[PDB]
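What follows is one chain in structure tokens, specifically the form deposited in one PDB entry.
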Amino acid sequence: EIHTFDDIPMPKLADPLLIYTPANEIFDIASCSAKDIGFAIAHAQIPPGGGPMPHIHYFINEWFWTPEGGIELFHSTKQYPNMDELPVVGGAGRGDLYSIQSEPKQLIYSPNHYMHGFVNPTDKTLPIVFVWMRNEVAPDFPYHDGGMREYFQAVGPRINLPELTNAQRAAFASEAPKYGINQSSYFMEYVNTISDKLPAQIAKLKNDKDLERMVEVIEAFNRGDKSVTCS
């Protein structure tokens, strides 16, 4: 009933890019591209209470992979195809979210336009892997990846951990639309309710085909295949 995945490997860069995101996530992140495909991927460590506020993507489709479970995710059934329409009380209207208590090696797929987010509600640091695949409408970015690696590089300090400033926290939200994200700045901004009863509409979301294409790209880079680029 619950979907799992054995492994999502990390593309191994000569000099790994390490970022501490303003949502308190320890990121090891890369961008890869090849014929007709572009994506960013992060292997992350999430401290007690770390995680992004609810947000919606316009340039990417996203996979979450929780090697140890424990991470609580949030997801809508409502889709928001219009980036110019924010889901706030002062207009388009806040949404309803459903929580997911992740299990070891669970794979959660979240297409563009869905509202999602996650938190570590435990007292220990937990691993998570994110894969952000460029969709068909994404503009080009320097790494051709849909824009997510450029986003985290732009608003998050390079990695004993550096310390987050108010400007960095406020920019995590204000800079987000340049990278095809509507990012709330506080938890209840885009949110009316949170429910622990998971709708079938959410539970059945799945796209193994593209993830496996991206895995082959990563493994190809790791084997030294010059026809792909990770960077």
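In this text, the rigid core denotes the largest set of C-alpha atoms whose superposition between the two forms falls within 1.5 Å. All residue numbers refer to positions in the sequence shown, first residue = 1.
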Count up the deposited residues without coordinates from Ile159 to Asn160 and drop the result into none, 1 to 3, 4 to 9, or 10 or more. 4 to 9
Comparing 167 to 175 with 56 to 64, where is the mean C-alpha B-factor higher? 167 to 175
May I ask you to compare 80 to 88 and 112 to 120 by their mean CA B factor in the entry and name the higher one? 80 to 88
Based on the entry's values, in what third of the chain does the Cα temperature factor of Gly93 lie: lowest, middle or highest? highest
When the deposited Cα B-factors of this chain's modelled residues are ordered and cut into thirds, is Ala34 in the lowest, the middle or the highest one? highest
What third of its chain, lowest, middle or highest, does the C-alpha temperature factor of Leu205 fall into? middle
C-alpha B factor of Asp28, ranked within the chain: lowest, middle or highest third? highest
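There is also a form deposited in another entry; it is not shown, and the following applies to it.
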For the core superposition between this form and the one not shown, please identify the residue among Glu103, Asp96, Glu85, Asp140 whose CA shift reaches 2 Å or more. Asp140
Core-aligned C-alpha movement of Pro11 between this form and the one not shown reaching 2 Å: no
With both forms fit on the core, is the shift of the CA atom of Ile218 between this form and the one not shown 2 Å or larger? no
Check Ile60 against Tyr143 at the C-alpha atoms and report closer or farther in the other form, compared with the shown form; the change is 3 Å or more. closer
Knowing the shift is 3 Å or more, I'd like to know if the C-alpha atoms of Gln79 and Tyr143 are closer or farther apart in the other form than in the shown chain. closer
